[PDB]
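Trainee: sequence-free structure coming up:
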């Protein structure tokens, strides 16, 4: 069972995945990253419940047609009969979306534990690429930064977070700290203070 | 089919993977290395397909199942799925490549600026852990909460340990009605639980 390893389409379109079998029937599985494979097609053409009507399958070869392409259809699709390699389906032309930024100062609990951490929460953006710079007062912060790789979430938009570690004495010695998130050549800045 | 989120071992050990639910029906086990299609490694409780090594052995006791992997070898790091009739969530199996490390867990109350916008979000920061797999459970006062919970998938930071964060979206009325909120992180079978209060 060999499959094309990738394919793509734009929302509203119709895409199909191509795929011992001449006698037996073919099943299809949809798998999202970090998730168990989910059956979406039965004895060539019967859908499990919960699978939308947009999905139809047909059958030495077998095919999975996906109608009215949506962002949530982005996935790996495997052929199976009595598994194929896989087909990663990419939904292109999804809308751009600027990020939501929320900056959290160190809590009284942490500062009492003689530590201090700031979190810059970044969510609800697309595409999944950002850059982060920090600022102490108005000056660059060049030490103690980590920014996670953005991962797609339920709402089909990306989320990441950047954190900064300081001593309590630094967080008070300054007047404010700032987190600046650049997404598609447009920047958003948030500031917190003691 | 309940199935533990993650497990781990070092080369040469015997590692087992559990699966529970299935008393009147058999269980299959699937191996999926990164970037590959799921492969059948065990059917009808304990029947090894052709090219599976002897060291894989399936069993089933009561209404629970198990897959044991003897002589753990680096080519076995993968996801393992159990699949019975009337698919488990999976188990991430890691062949330890560095010393295990338990996560730092830091919980934040909502920020001053976002309340003035009718938003109240909690953040549970999770850093410095290996292997890179955790599960997060939020609780309001003493009650489970899943409405509005989003967790980022972990990524390797500069100390070669992993980091992630879970965040809870609430209104300010939810945030002010409860006496406390809790974040619990489970890693390598252990839990840590931090708590906040307005």
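Mentor: The structure has been received and is ready for your questions. Numbering: from 1, shown residues only, chains lettered A, B, ... in the order given.

Trainee: Every contact and neighbour count from this point should use C-alpha atoms.
Mentor: Noted.

Trainee: Spell out which residues sit in contact with the residue with the largest distance to the centre of chain A, please.
Mentor: For chain A, the residue at maximal distance from the C-alpha centroid (Cα atoms, centre = their mean) is residue A:23, at 39.3 Å. Contacts for residue A:23 were tallied using Cα atoms under 8 Å, 6 or more residues apart in numbering or on different chains; there are none.

Trainee: Work out for me the element it sits within.
Mentor: Residue A:23 belongs to no helix or strand when elements are defined using DSSP states H and E.

Trainee: Not counting its neighbours along the chain, what's nearest the most centrally placed residue in chain A?
Mentor: Residue closest to the mean C-alpha point of chain A, counted by Cα atoms, centre = their mean, is residue A:152 at 1.4 Å. Of all residues not flanking residue A:152 in the chain, residue A:158 sits nearest, at 4.3 Å (Cα to Cα, 6 or more residues apart in numbering or on different chains).

Trainee: go on, residue A:66?
Mentor: Using Cα to Cα, 6+ apart, the nearest residue to residue A:66 is residue A:55, at 4.8 Å.

Trainee: ok, that neighbour - how many residues close by?
Mentor: 20 (other Cα atoms under 10 Å in any protein chain shown).

Trainee: tell me which parts of chain A are close to chain B?
Mentor: A:35-38, A:78, A:83-86, A:102-107, A:119, A:121, A:146-154, A:159-161 (Cα under 8 Å from any Cα of the partner chain).

Trainee: Sort out for me which of those are in helices.
Mentor: Assigned to helices by DSSP state H, none of those qualify.

Trainee: Give me the ChimeraX select line for these, limited to the buried ones.
Mentor: With 16 or more other Cα atoms under 10 Å in any protein chain shown as the criterion, this ChimeraX line picks the buried residues out of these:
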select /A:36,37,78,83,84,85,86,102,103,104,105,106,107,119,121,146,147,148,149,150,151,152,159,160,161
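
Trainee: related to what we said a few turns ago, quick one: contacts for the residue nearest to residue A:66?
Mentor: A:40, A:47, A:64-67.

Trainee: Mind putting those into JSON lines with neighbour count?
Mentor: Formatted as JSON lines, those follow (neighbours: other Cα atoms under 10 Å in any protein chain shown):
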{"residue": "A:40", "neighbour count": "23"}
{"residue": "A:47", "neighbour count": "19"}
{"residue": "A:64", "neighbour count": "24"}
{"residue": "A:65", "neighbour count": "16"}
{"residue": "A:66", "neighbour count": "19"}
{"residue": "A:67", "neighbour count": "17"}
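
Trainee: now, which of the residues you listed sits nearest chain B?
Mentor: residue A:40 (13.0 Å; Cα to the nearest Cα).

Trainee: other SSEs contacting the helix or strand harbouring that closest one?
Mentor: Under the criterion DSSP H and E, the helix or strand holding residue A:40 is strand A:38-41. Here strand A:38-41 touches strand A:26-31, strand A:55-58, going by 3 or more Cα pairs under 8 Å, 6 or more residues apart in numbering or on different chains; DSSP states H and E.

Trainee: switch the cut-off to 6 Å
Mentor: Using 3 or more Cα pairs under 6 Å, 6 or more residues apart in numbering or on different chains; DSSP states H and E, the elements in contact with strand A:38-41 are strand A:26-31.

Trainee: got a list of contacts for the strand it packs on?
Mentor: A:37-42, A:44, A:75-81 (Cα atoms under 6 Å, 6 or more residues apart in numbering or on different chains).

Trainee: let's go with 10 Å and repeat that
Mentor: By Cα atoms under 10 Å, 6 or more residues apart in numbering or on different chains, the surrounding residues in contact with strand A:26-31 are A:17, A:19, A:36-47, A:57-59, A:61-64, A:73-84, A:86-88, B:37.

Trainee: domains for chain A, by residue range?
Mentor: Listed by curated CATH domains, the domain ranges of chain A are A:1-94, A:95-194.

Trainee: and the last one, how far out from the chain's middle?
Mentor: Domain A:95-194 has its C-alpha centroid displaced from the chain centroid by 19 Å (Cα atoms, centre = their mean, to the nearest Å).

Trainee: and the end-to-end length of that domain?
Mentor: 38 Å (Cα to Cα, to the nearest Å).

Trainee: need the contact list for the residue nearest to residue A:31 when sequence neighbours are not counted.
Mentor: Among residues not flanking residue A:31 along the chain, residue A:37 sits closest, at 4.5 Å (Cα to Cα, 6+ apart). Taking Cα under 10 Å, 6+ apart, we find residue A:37 in contact with A:28-31, A:76-78, B:37-38, B:81, B:87-90.

Trainee: try 6 Å this time
Mentor: With contacts defined as Cα under 6 Å, 6+ apart, residue A:37 is in contact with A:29-31.

Trainee: Just the buried ones from the residues you listed?
Mentor: Counted by 16+ other Cα under 10 Å, the contacts of residue A:37 give A:29-31 as buried.

Trainee: so residue A:117 touches residue A:106, yeah?
Mentor: Yes - the pair formed by residue A:117 and residue A:106 meets the contact definition of Cα atoms under 6 Å, at 5.3 Å.

Trainee: follow-up on the earlier one: tell me the contacts of the residue nearest to residue A:152?
Mentor: A:123-125, A:128, A:150-152.

Trainee: hmm, 10 Å instead?
Mentor: A:97, A:99, A:122-129, A:149-152, B:152.

Trainee: Kindly report the same for residue A:83.
Mentor: A:1-3, A:26-29, B:36-40.
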